[PDB]
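Residue numbers (UniProt numbering), protein chains in the order written: chain G, 21 to 273, 294 to 321; chain R, 21 to 273, 294 to 321.
Okay, structure first, notes after.
Number of protein chains: 2
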Amino acid sequence: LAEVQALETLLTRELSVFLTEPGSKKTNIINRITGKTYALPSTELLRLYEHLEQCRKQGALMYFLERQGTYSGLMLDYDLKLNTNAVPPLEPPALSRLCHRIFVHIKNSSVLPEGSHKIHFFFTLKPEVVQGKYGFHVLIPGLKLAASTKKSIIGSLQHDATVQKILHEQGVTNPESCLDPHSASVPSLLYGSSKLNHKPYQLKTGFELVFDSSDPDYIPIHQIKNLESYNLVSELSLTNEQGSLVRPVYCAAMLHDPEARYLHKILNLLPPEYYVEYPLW
Amino acid sequence: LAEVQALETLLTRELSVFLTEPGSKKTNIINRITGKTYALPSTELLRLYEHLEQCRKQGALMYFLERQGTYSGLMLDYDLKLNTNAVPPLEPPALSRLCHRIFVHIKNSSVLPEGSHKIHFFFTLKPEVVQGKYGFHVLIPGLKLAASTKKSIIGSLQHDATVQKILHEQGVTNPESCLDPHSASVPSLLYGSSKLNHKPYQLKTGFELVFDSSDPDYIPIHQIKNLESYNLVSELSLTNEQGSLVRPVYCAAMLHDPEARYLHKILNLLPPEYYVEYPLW
C-alpha cells in the first residue's frame, strides 16, 4: 500500500535519527510493531501525524503509542463490563454530561488559567462488545496538566456518583471500578492504533467546552461538527501543541510479531489443558 | 395573506363572544390595532397563539398585548442608552450571568416552592439601535409571581452591581436607570407584536434554569437548543399555563375611534404653530 510505503520511508530514511534507547525519558513516540522508540521534535511529530492520518483513513494496521510524561493532555481509559453484548447507546446527552462532570474535577484541581479558554473532549469507542467487555477513551489533548494533577482528577472521577449513574443507565455493571487509575501514566494509543490483538477505537463524538473565570457558572458544551476536516491523529494527540482545532491551554504545574502467519497456532495452542509440562515441554 | 385572513376569521366569527368593556380587569388580551379587549379562556388563548405564531413566522404586522394582572410570569423591560449605534454583542455568557442574578432576587423574595423546578428565561432584542437607543425584554413566563413580588424583584434588580457591570461592559451608559420599574404592571407585547411605530423584538437566546431547595448552591443554566420546535407566542406568554416547553411553577401569593380617517385632523393640527390662541381659540 502506497501510504504504508510512504510511512516506512519517513520512519527508516528520515526519523531513524531520533531513535531513543530503551527506557529513555526523551521518548515521546513508541512504534510497538517495529519495537522502535523516538524523541520527535514538534516539526517531525507533525510529519508523522500526516502519514499516520493517511494510513488511518485507509484502515492500515498501526500500533503507535505516545508517552504522556510529566506535562501533557488528559486521557481517561474506561474498561466496561456490560449487561449484554450490545454496544451501549452513548448518545450526545450522556457524553455531554460526562464532559461537564470531568470538567468539575479539573476545575476543583485549581490549576486552570484565568480568562476564557476552549477545551475539546473526544470519545473513541471499542468497535464491538466481546463477552460483555466494552471500552472508551476520553481524550482532552489540549488541556496540558501535570501528571500528579491527572492522578488527582482520575481519583476524584472514580468516586463521582453522577458518572456512576450515567454508566449504570448505559448497562455498565462495574461503574465503581471501570476507570483505569493509571490513565495518567500509561502510554496512550495514537488515534487509528491498537494492541495487535484488538481493533482501533473509533471517534464517535467530540465536544467543545468554553470556560470563563469571570463567569464560572456558564460552561457551554457543544458537539464539534466538522471533525472530518482536521487531521484526527494530530488533534487527538495528548503531546501535540501544533493542532489546528486543538490549541493548548497550559495549567499550573513488546515482542509479539504476528506478521500474518502462524496466528492459528497461537489460537489453538490454548485449548490444550497442558499448562504444566514436566515431561511434555 | 392566508394566515392573516385565518386570524381575522378567528377574531370576528369566534372570539368576538369574549370581547370585554374598556377597563374590565377580566381582560387578558388587547389587540391595539383593532382597539378590541378580550377575556380568553385557556382553550381560546391557545387557538389565538397558534394563529399569531403562523402570522409571526410570515412577518405579519401584530400589536397584541397580554395583561399581567395580579398573578402571572415575570417580564423585565430594559431601555438602554448605548455608547454607539452598534447592536451590543450580548453573547450567551453575559445573558447567562443576567439570568443567575435575576434568579438570586427571585430566590431572595422567599416565594419559590420547595422541590426541583425548571424555569425558562427568554431574551428578545430590539432589531436595531436608533440614535443609541436599544432594548431587550427578559421573559420568565412560567414563574407565576404576585404583582407585589414582581415589583419587589424589579426594585432589587435596579440596584444590582453585577447587572450594572454586565450592562456597562456591553456599552450601556444608563445601567442604573435602564430597567422600567413598571415592568410588573404594564401590558406586555406578545412575541411578534410591537407598537405601530416600532419593529417586533426578536428571540436571540433562551435558558433553562433548574433550582432544587435540597441543593440550593447548584443552579445549572443552559441554552435551550430546539426553540424553533415550539410555538414561541405560546411559550413566551406570561399568562399561558398550557405551554409544552414552559410548564408553570406556582410561587406563594382613550383615543376615540383611532381609525385615522378623522385622526388625520390629529395628524395635521400638529404642524401649525397656533398652539396658543388668544383671539383665535
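Don't be surprised by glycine CBs; every beta carbon is placed ideally from N, CA and C.
Going by C-alpha to C-alpha distance, which of the options sits closest to residue i?
i, options, result
"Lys-46 of chain R", "R:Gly-79, R:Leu-247, R:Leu-21, R:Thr-90", "R:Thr-90"
"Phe-142 of chain G", "G:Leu-100, G:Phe-156, G:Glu-64, G:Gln-151", "G:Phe-156"
"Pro-220 of chain R", "R:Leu-295, R:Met-82, R:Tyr-315, R:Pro-195", "R:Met-82"
"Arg-67 of chain G", "G:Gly-55, G:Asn-308, G:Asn-251", "G:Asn-251"
"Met-95 of chain R", "R:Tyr-318, R:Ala-300, R:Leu-65, R:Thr-259", "R:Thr-259"
"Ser-197 of chain R", "R:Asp-180, R:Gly-212, R:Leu-210, R:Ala-204", "R:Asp-180"
"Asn-194 of chain R", "R:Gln-184, R:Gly-135, R:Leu-247", "R:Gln-184"
"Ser-233 of chain R", "R:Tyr-154, R:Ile-50, R:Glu-134, R:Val-24", "R:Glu-134"
"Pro-108 of chain G", "G:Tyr-154, G:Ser-205, G:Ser-44, G:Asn-246", "G:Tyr-154"
"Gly-152 of chain R", "R:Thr-104, R:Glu-41, R:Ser-62, R:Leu-65", "R:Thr-104"
"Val-24 of chain R", "R:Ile-50, R:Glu-261, R:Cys-75", "R:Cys-75"
"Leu-247 of chain R", "R:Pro-312, R:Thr-144, R:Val-316, R:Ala-114", "R:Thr-144"
"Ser-62 of chain R", "R:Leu-210, R:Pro-201, R:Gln-262, R:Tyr-211", "R:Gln-262"
"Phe-227 of chain G", "G:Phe-123, G:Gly-43, G:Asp-200, G:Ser-116", "G:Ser-116"
"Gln-78 of chain R", "R:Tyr-318, R:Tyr-58, R:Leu-21", "R:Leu-21"
"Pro-268 of chain G", "G:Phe-38, G:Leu-65, G:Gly-93", "G:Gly-93"
"residue 328 of chain G", "G:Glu-111, G:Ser-205, G:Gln-243, G:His-242", "A question about residue 328 of chain G goes unanswered here, because the residues of chain G that appear run from 21 up to 321."
"residue 370 of chain R", "R:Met-294, R:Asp-297, R:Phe-123, R:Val-149", "Residue 370 of chain R lies beyond the range of chain R shown here (21 to 321); nothing can be said about it."
"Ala-106 of chain R", "R:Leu-118, R:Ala-80, R:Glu-148", "R:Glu-148"
On the premise that residue j lies in contact with residue i, defined as a C-beta separation below 8 Å, what is that separation, rounded to the nearest angstrom?
i, j, result
"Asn-48 of chain G", "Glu-86 of chain G", "6 Å"
"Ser-257 of chain R", "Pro-161 of chain R", "6 Å"
"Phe-231 of chain G", "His-137 of chain G", "6 Å"
"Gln-88 of chain G", "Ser-254 of chain G", "At roughly 17 Å, the Cβ-Cβ gap does not stay under 8 Å, so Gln-88 of chain G and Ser-254 of chain G are not in contact."
"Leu-132 of chain R", "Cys-271 of chain R", "6 Å"
"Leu-163 of chain R", "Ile-139 of chain R", "5 Å"
"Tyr-238 of chain G", "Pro-201 of chain R", "With 8 Å as the limit, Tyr-238 of chain G and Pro-201 of chain R do not qualify as a contact, their Cβ atoms being about 28 Å apart."
"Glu-64 of chain G", "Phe-38 of chain G", "6 Å"
"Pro-240 of chain G", "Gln-243 of chain R", "7 Å"
Using the Cβ count rule (16 or more neighbours within 10 Å means buried), how would you classify residue i?
i, result
"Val-266 of chain R", "buried"
"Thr-225 of chain R", "buried"
"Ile-306 of chain G", "exposed"
"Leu-320 of chain R", "exposed"
"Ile-53 of chain R", "exposed"
"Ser-203 of chain G", "buried"
"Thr-182 of chain G", "exposed"
"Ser-36 of chain G", "exposed"
"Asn-308 of chain G", "exposed"
"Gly-212 of chain G", "buried"
"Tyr-318 of chain R", "exposed"
"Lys-146 of chain R", "buried"
"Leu-303 of chain R", "exposed"
"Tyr-314 of chain R", "exposed"
"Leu-27 of chain R", "buried"
"residue 275 of chain G", "Here chain G breaks off after 273 and picks up again at 294, leaving residue 275 of chain G without coordinates."
"residue 355 of chain G", "Residue numbering for chain G in the displayed model covers 21 to 321; residue 355 of chain G lies beyond these limits and cannot be assessed."
Just checking: is the beta-carbon of residue i within a distance shorter than 8 Å of some beta-carbon in chain A?
i, result
"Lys-77 of chain G", "The question asks about chain A, but that chain is absent: this structure's protein chains are G and R."
Tell me whether the region 61-73 of chain G and the region 27-35 of chain G touch, counting them as touching only if at least three CB pairs, one residue from each stretch, are closer than 8 Å. Verdict: yes, contact present.
At least 3 beta-carbon pairs within less than 8 Å: the region 99-108 of chain R vs the region 188-196 of chain R: The region 99-108 of chain R, when compared against the region 188-196 of chain R, does touch it at the 8 Å Cβ threshold.
What are the residues in the region 128-140 of chain R lying within 8 Å of chain G by C-beta distance? Taking 8 Å as the upper bound on Cβ-Cβ separation, chain G lies near no residue of the region 128-140 of chain R.
Check whether the region 163-182 of chain R and the region 121-138 of chain R are in contact - that is, three or more C-beta pairs closer than 8 Å. Here the region 163-182 of chain R lies against the region 121-138 of chain R, with 3 or more beta-carbon pairs under 8 Å apart.
Which residues, in chain order, does the region 233-244 of chain G contribute to contact with chain R at a C-beta distance below 7 Å? For the region 233-244 of chain G, which is checked against every Cβ of chain R, the residues closer than 7 Å are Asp-235, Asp-237, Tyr-238, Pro-240.
Do the region 215-226 of chain G and the region 161-172 of chain G make contact, defined as three or more Cβ pairs closer than 8 Å? These segments do not touch.
Where the region 115-129 of chain R meets chain G: residues whose CB sits under 7 Å from a CB there: If the cut-off is 7 Å between Cβ atoms, the region 115-129 of chain R has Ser-116, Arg-117, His-120 near chain G.
Note down, in chain order, all residues in the region 90-119 of chain R with a beta-carbon under 7 Å from any beta-carbon belonging to chain G. Identification of residues in the region 90-119 of chain R having a C-beta nearer than 7 Å to some C-beta of chain G yields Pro-112, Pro-113, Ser-116, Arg-117, given in sequence order.
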